[PDB]
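Here we start with a single chain on its own, the form deposited in one PDB entry, put down as structure tokens.
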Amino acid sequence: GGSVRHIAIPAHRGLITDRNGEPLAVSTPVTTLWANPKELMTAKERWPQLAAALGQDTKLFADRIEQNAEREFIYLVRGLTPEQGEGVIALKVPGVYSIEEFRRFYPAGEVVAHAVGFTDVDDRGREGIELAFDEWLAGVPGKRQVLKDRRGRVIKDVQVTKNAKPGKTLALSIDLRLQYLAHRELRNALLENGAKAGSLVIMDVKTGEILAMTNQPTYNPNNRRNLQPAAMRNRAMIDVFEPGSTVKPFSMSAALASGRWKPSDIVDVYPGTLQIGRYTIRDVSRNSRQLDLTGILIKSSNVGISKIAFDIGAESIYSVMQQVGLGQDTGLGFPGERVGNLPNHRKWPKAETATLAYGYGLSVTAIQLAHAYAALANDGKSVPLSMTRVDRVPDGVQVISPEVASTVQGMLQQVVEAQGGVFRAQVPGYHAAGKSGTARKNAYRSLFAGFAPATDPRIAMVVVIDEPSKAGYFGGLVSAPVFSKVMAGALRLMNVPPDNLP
């Protein structure tokens, strides 16, 4: 006949949009039904009709209400359409009450699942942006009072103690139009090459924004039914791998900055192997003798970059790699994010000096690799990463001098356009620049990292194809065609003028 209890007032979770306001995560009003078993015990002849309205077996529902006859609150069904909730309410079953709360709906579904993430049944972020910015998005629940009978019947409201503060809107750096394109093209490439998984990262080299981030396999954050953890793996931020030949441009940046090397310099790589003690440096193709610095990148000559590294010292190469973020914390604060490993030595031996120079030993993520190529594309200035829209561009750090960065840009354009280069990475109408690579896990990862336009870069991109099972596993056969198709759409959607038209 009288008992006051504080009930919480759910807060409206903040809207998540892409960089242009397209809805990505929307709080949707839902109707949750709860029951007071004490009042249900006075209306047993109504249980089968209530059981059928809840899609529950007649006897099982009766067993559930009986075992909880002493309690005052149980959940009947959580998160219904307001239409569905009022249908059960219209039955006038004594002891059945409704609660108005919110549930997330993700209009893009599987296309941006890993980046956006999801909430749980209690509207708490548990993955992706939903967890990374949960305090910003959640708001503060409110406090209300209600009078409860000694039999549990709701009698009347007493007062509101504190009003709910709704969550705040968040606009991601993602361009949903680019996301749809990268999601589709990465999926097509996986089917064409029969690959298990893949990752694609797009960045604005001037602002540090992540314009697109897609992983295969993916999942619908709206269905939530037996989602195996394989499809929920945010591979672009969690998978680490040896970058291989894709970090040779940074060994080259340290070479061109040492004062001892120029692009015209030649290196003798005959006969394709180089013995360092018991360790044998081996090139994939061993049909060369003298190569200039660009030919070293075109052929992916581990021997050539090793001899350059011996001359300039590993410390200069480590410094460039550390400053562009390889093996470093990205500061993005995503769950399960991995940093990788950029090893450091007090005294760099010859073997570790070489394997560092051509991308063995150290382990990076696709996000780190894209961030490094963005710095190279941004005339050597590294801008911090961001998964939210950047209105005020932060000051970068000039890690590679603009002259050296401009020289490596030209050499990477030749890697894509010169004879024997990665011509399948060429973007029609534009000058693209990039570098192919392979990461062994038999099983390999096909890598391509690049940027465009080569003469005035705007967009950096990394493609990781995990274990192709059809054509050759080489980067340039599998990953380069994806770069070409996705970069072409990224340049068009951002109205970047073509720099390669007759």
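Sequential numbering from 1, following the sequence displayed. Basically, rigid core = biggest C-alpha set you can superpose within 1.5 Å across the two forms.
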query	finding
Residue 451 unmodelled in at least a third of other compared entries	no
Residue 41 unmodelled in at least a third of other compared entries	no
Continuity check for residue 441 and residue 442, given as deposited residues lacking coordinates between them	10 or more
Average Cα temperature factor in the PDB entry - higher stretch of 270 to 278, 403 to 411	270 to 278
Average Cα temperature factor in the PDB entry - higher stretch of 79 to 87, 416 to 424	79 to 87
Top residue by Cα temperature factor, when 180, 73, 133, 250 are compared in the entry	73
C-alpha B-factor winner, where the candidates are 433, 447, 460, 40	40
Third of the chain, ranked by Cα B-factor, where residue 464 sits	lowest
Chain thirds of CA B-factor: placement of residue 106	middle
Ranked C-alpha temperature factor of residue 302 among modelled chain residues, by third	lowest
Residue 174 - Cα temperature factor, lowest/middle/highest third of chain	lowest
Third of the chain, ranked by Cα B-factor, where residue 209 sits	lowest
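Keep in mind that the form deposited with a small molecule bound is missing from the display, and what follows is about it.
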{"property": "Region of this chain that lies against the small molecule in the deposited complex, out of 74 to 82, 396 to 404, 245 to 253, 321 to 329 [heavy atom, 4.5 Å]", "result": "245 to 253"}
{"property": "Residue 279 within 4.5 Å of the small molecule in the deposited complex, heavy atoms", "result": "yes"}
{"property": "Close approach of residue 36 to the small molecule in the deposited complex, 4.5 Å, heavy atom", "result": "no"}
{"property": "Non-hydrogen atom contact residue 302 with the small molecule in the deposited complex at 4.5 angstroms", "result": "yes"}
{"property": "4.5 angstroms heavy atom contact with the small molecule in the deposited complex for residue 118", "result": "no"}
{"property": "The small molecule: the contacting residue among 430, 106, 358, 334 in the deposited complex [heavy atom, 4.5 Å]", "result": "358"}
{"property": "Residue (of 459, 454, 465, 439) lying close to the small molecule in the deposited complex, criterion heavy atoms within 4.5 Å", "result": "439"}
{"property": "Whether 284, 435 and 475 all lie within 4.5 angstroms of the small molecule in the deposited complex by heavy atom", "result": "yes"}
{"property": "Conformational change between the shown form and the other one, one of 196, 184, 124, 153, C-alpha moving 2 Å or more after core fit", "result": "153"}
